[PDB]
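Here the structure is laid out as structure tokens; the discussion comes afterwards.
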2 protein chains.
Amino acid sequence: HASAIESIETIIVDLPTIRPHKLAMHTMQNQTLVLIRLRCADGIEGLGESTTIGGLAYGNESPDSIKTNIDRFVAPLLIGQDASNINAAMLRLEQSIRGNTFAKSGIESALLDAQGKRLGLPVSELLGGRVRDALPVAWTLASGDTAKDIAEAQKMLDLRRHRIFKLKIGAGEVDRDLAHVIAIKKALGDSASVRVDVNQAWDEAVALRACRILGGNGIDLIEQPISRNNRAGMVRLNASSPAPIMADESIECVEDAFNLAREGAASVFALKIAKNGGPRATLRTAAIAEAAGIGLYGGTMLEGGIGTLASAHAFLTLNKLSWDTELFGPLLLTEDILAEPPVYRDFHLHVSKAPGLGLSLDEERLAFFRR
Amino acid sequence: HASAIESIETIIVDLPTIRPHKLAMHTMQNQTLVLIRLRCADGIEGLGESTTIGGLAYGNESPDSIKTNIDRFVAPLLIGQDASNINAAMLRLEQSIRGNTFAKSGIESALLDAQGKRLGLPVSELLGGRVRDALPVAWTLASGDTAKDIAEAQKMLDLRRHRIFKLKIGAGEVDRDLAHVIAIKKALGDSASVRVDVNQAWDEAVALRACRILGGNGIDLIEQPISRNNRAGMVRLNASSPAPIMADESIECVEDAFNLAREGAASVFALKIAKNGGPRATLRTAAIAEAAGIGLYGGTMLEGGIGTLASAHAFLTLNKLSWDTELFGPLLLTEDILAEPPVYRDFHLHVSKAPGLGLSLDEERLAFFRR
Ligand SMILES: O=C(O)C[C@H]1C=CC(=O)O1
Ligand SMILES: O=C(O)C[C@H]1C=CC(=O)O1
Ligand SMILES: [Mg+2]
Ligand SMILES: [Mg+2]
């Protein structure tokens, strides 16, 4: 085919971050991305990104295993295939490859980037058409220090960078974390929306009390308080919690989204291209959530500019993202591999109408930071 | 510690098989294993095996990615740790590594082999004590030809090799697969037990009819008829099916076993060390099943001698394996990496009382077959 895929290269890139990021199960000291370079016969290159958090501390795919499985299994399946038919290509992968959503996400992003360049349309238009050009962006407070978090939040407010804050908790004693969260909300007052993310750290026995306390103290959303394995517990917590609960880790594929909606496991769903298998699969998850009356949140796995924009282009097509987004990945990184970084200002990420993902590689930065 | 782990080597080995093995989603032409060689400071080496089917066509871990994740993440966590405290070592892995059960299974198998040699006890005794020395072994008919399958079954029966047969279906038109299964049962009659495995291939709409037909035609068990994602459907099928349904792919961790039991998704559970994370994790899944009144089946991912014996030692401790086992993996291989293959005779696999997994590596064959 004229647009036949000729090569697929995966490159692991290590990048520095602005400060340590403490999750309930891991403290990030930096970040690693997997770049996908997909070239077609018509002389078009598509760029994609597969990124996770803390090696295998967060999910089952590591930057390393992602490269291994793409090179050994994905590449052989797609080389020679028509890059202009994205649906056919991704379904071809799905029939021979189980799981590996992070890898699939990077591959589809690259195909979409290439296809956008091929038609001279931004990805958002390939996906149906945008209903907005800007997306609100929340910021995560996870320095591990209450005073430091409050100061950072106030700074983002003064600089008009962010006004929605996500607090990582679950690593310490419950009462200590709650006091931490309550203190932050008290200091910010109505100037900001404060939410928490427990990353599955609590047992239901602890969450049933903690959620009641958070809800009574102005916390707007409680993300994945307990293990995705306590299916019945998540349902029960939705009933006892005066604050809405959001599913994140509970969604590891589109089918999970349906089952959670069926069971009533959460009233808000985080949307992550890495967890669903790309922008298109993520839109199927959003469609399921919308059909069920579940709120949407534009999530991230802390990707750099490529993965962040691949996510953004999908979110631009959604009628409503009631809980906003957390597309701040490129801002947590002190360095990326793009010639120009995504555009952030006045609490939002502004997406251009340039072809594909509207970005270009900084060959020099890539060559320097690539592993 | 005197038993500190000093090194962990992972070796991918490609071995030849006796014939094409046709699964609903993939046809095997040979088998690939990942050998784990774990050496301790006290001069003891433990051997383990992590094996899957068809690259990524069956699960999210490939022999390739298993080696990558063990070398890059598991090794660093374990080198220096006391090899004689298996529980502490595996929990150490669990707190930093999500998923990767196939990899974990190989690691724990190696640790068990080493600890068995260290104490001069077979792995079955380390796990509490065996209640039998032999395990009944079923045989999978998957040549893709009715006449050939019947002939092979008749050969295995008359050789007193196997009298329980598992038929893989789901790759063809439903009525064609049903005719195939029924023809086989009709040819063997009461001399053998015939069961099927659909590997999630059917939609519930198809299964609700197909299960009734199979149950009305002498088929004893229906393994994973539909997708593990149709949770509500598996429950509904248990009610309409006159033949018991066994969960296999639905179990990808111990927690899944609990949820399936809670929901009533199957009346029999397949037990696979690769799906649970090793012999010990599999015994926890077995405990959950027993506590729920669910039948047990000794499953396999077509492991060679090492993985099969690691599985066998755990199954020897179970009070009852109502649905027997399918530990025939070594019989599918024309050459393995064990000095002496497992002992099969009179419809059973006979396990010795030798220390550890009671086996010795065939260094010559390892050197010849390794990548
Ligand atoms: O929250 C997660 O599970 C993943 C990621 C999103 C932002 C962040 O701080 O971590
Ligand atoms: O069936 C499976 O799921 C895995 C394995 C067990 C025997 C066999 O033929 O394949
Ligand atoms: Mg989260
Ligand atoms: Mg099976």
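A, B, ... follow the sequence lines: proteins, then strands. Residue 1 opens every chain. We count ligands from 1, going down the list as the structure has it; atoms in each ligand are counted the same way. These values consider heavy atoms only, across backbone and side chains, with no hydrogens, waters or symmetry-generated copies.
With B/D248 as the partner, the side chain to side chain donor-acceptor pair (under 3.5 Å) test is satisfied by one option alone out of B/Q200, B/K272, B/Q224: B/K272.
Looking at A/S105, its side chain never comes within 3.5 Å of a backbone N or O of A/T101 through a donor-acceptor pair. Within the 3.5 Å criterion, the main-chain N or O of B/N60 finds a donor-acceptor partner in the side chain of A/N100. For B/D220 (side chain) and B/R195 (main-chain N/O), no donor-acceptor pair under 3.5 Å exists by modelled atom type. Remark: the backbone N or O of B/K148 is paired with a side-chain donor or acceptor of B/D145 at under 3.5 angstrom.
Atom-to-atom distance recorded for B/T308:OG1 and B/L302:CG is 8.5 Å, nearest 0.5 angstrom. Separating the CD1 atom in B/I164 from the OG1 atom in B/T325 is a distance of 8.0 Å, to the nearest 0.5 Å.
Less than 2.8 Å away from the Mg ion (ligand 4), the protein contributes these N/O/S atoms: B/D197 OD2, B/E223 OE2, B/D248 OD2.
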As a quick check of understanding, evaluate salt bridge (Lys or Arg N to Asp or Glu O under 4.0 Å) for B/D256 and B/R228, giving each step before the final call.
CA-CA 10 Å; B/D256 284 342; B/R228 65 192 307 293; 3.1 Å; yes

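Below 30°, between 30° and 60°, or above 60°: for B/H162 and B/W139 the angle between ring planes is below 30°, a parallel geometry.
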List of N/O pairs, ligand 2 versus protein, all under 3.5 Å?
{"unit_1": "ligand 2", "atom_1": "1 (O)", "unit_2": "B/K166", "atom_2": "NZ", "d": "3.0"}
{"unit_1": "ligand 2", "atom_1": "1 (O)", "unit_2": "B/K168", "atom_2": "NZ", "d": "2.8"}
{"unit_1": "ligand 2", "atom_1": "1 (O)", "unit_2": "B/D197", "atom_2": "OD2", "d": "2.9"}
{"unit_1": "ligand 2", "atom_1": "3 (O)", "unit_2": "B/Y58", "atom_2": "OH", "d": "2.7"}
{"unit_1": "ligand 2", "atom_1": "3 (O)", "unit_2": "B/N199", "atom_2": "ND2", "d": "3.4"}
{"unit_1": "ligand 2", "atom_1": "3 (O)", "unit_2": "B/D248", "atom_2": "OD2", "d": "3.0"}
{"unit_1": "ligand 2", "atom_1": "3 (O)", "unit_2": "B/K272", "atom_2": "NZ", "d": "3.1"}
{"unit_1": "ligand 2", "atom_1": "9 (O)", "unit_2": "B/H21", "atom_2": "NE2", "d": "3.0"}
{"unit_1": "ligand 2", "atom_1": "9 (O)", "unit_2": "B/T140", "atom_2": "OG1", "d": "3.1"}
{"unit_1": "ligand 2", "atom_1": "9 (O)", "unit_2": "B/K168", "atom_2": "NZ", "d": "3.3"}
{"unit_1": "ligand 2", "atom_1": "10 (O)", "unit_2": "B/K168", "atom_2": "NZ", "d": "3.3"}

